[PDB]
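Every number in this text was worked out from the coordinates using simple rules, so none of it is lab data. Counting neighbours? That spans all protein chains shown, and the Cβs are built from the backbone with ideal geometry, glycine included.
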Amino acid sequence: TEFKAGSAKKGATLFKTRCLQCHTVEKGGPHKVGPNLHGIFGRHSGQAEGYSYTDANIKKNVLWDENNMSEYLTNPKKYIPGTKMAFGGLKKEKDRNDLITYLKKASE
Ligand code: HEC
């Protein structure tokens, strides 16, 4: 496979128009529909301190890396059969990478 970085930029609005709808990547961030992913990159699937997640996402114990996160976002409901990621997903090629890199910019 090839992740490759690319150029966040669009990734910002993308997040703001895709993920942020349910999420945020902010420090004192709420948990609206989905939990804040502030530095998610580094932990495993089901950390937060409040959210408590689904048994699926938890028991998945999947690591969040630019690579793994990619497939997950490409199609999260398939990757985690039981997440409440009610999400469109990032089955593109560029938009996806722009987002992964954006997240890394927003909080590595
Ligand atoms: C609402 C319609 C959502 C959209 C759009 C996105 N996400 Fe989401 N996400 C949502 C929920 C309700 C949950 C919790 C389910 C669970 O138990 O995991 C999630 C979870 C995630 C996770 C996992 C959290 C963790 O393991 O700590 C990630 C990494 C995640 N979501 C990322 C993510 C991104 C980057 C999105 C835009 C591309 C996105 N989500 C959209 C709900 C919704």
*So, in the range 69-87, of the ones that are polar (S, T, N, Q) and buried (at least 16 other Cβ atoms within 10 Å of the Cβ), which residue ends up nearest to the ligand (Cβ to nearest atom)?*
83
*Limited to the range 27-52, what total is found for residues that are under 18 Å from residue 86 (Cα atoms), touching a helix residue (DSSP H, G or I) at 6+ places or on another chain (Cβ under 6 Å) and surrounded by fewer than 17 Cβ atoms within 10 Å (Cβ to Cβ)?*
0
*Which of (1) within 20 Å of residue 8 (Cα to Cα); (2) crowded, with 20+ Cβ neighbours inside 10 Å does residue 105 not meet, given it meets every other one?*
(2)
_I'd like the full set of residues that are outside any loop (DSSP other than H, G, I, E, B) and not hydroxyl-bearing (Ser, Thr, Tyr), limited to the range 15-51._
15, 16, 18, 41, 43, 44
*Out of 104, 78, 84, 92, report the one residue that is charged (D, E, K, R), closer than 25 Å to residue 2 by Cα and not in a helix (DSSP H, G or I).*
92
*asked:* So if I check each of 75, 68, 57, which one is among the polar types (S, T, N, Q) and in contact with a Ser or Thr (Cβ under 6 Å, 6 or more places away or on another chain)?
replied: 57
*asked:* Let me confirm something: among 38, 44, 23, which residue is touching a residue at least 40 places away in the same chain (Cβ under 8 Å) and either farther than 13 Å from residue 98 by Cβ or charged (D, E, K, R) (or both)?
replied: 38
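For every residue, the table says whether it meets (1) over 17 Å from residue 22 (Cα atoms); (2) of a type in the set (A, V, I, L, M); (3) touching a residue at least 12 places away in the same chain (Cβ under 8 Å).
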| position | (1), (2), (3) |
| --- | --- |
| 54 | no, no, yes |
| 60 | yes, no, yes |
| 63 | yes, yes, yes |
| 74 | no, no, yes |
| 92 | yes, no, no |
| 95 | yes, no, yes |
| 98 | yes, no, yes |
| 101 | yes, no, yes |
_Qualifying positions in the range 59-68 - surrounded by 15 or more Cβ atoms within 10 Å (Cβ to Cβ) and either assigned to a helix (DSSP H, G or I) or in contact with a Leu (Cβ under 7 Å, 6 or more places away or on another chain) (or both)_ = 60, 66, 68
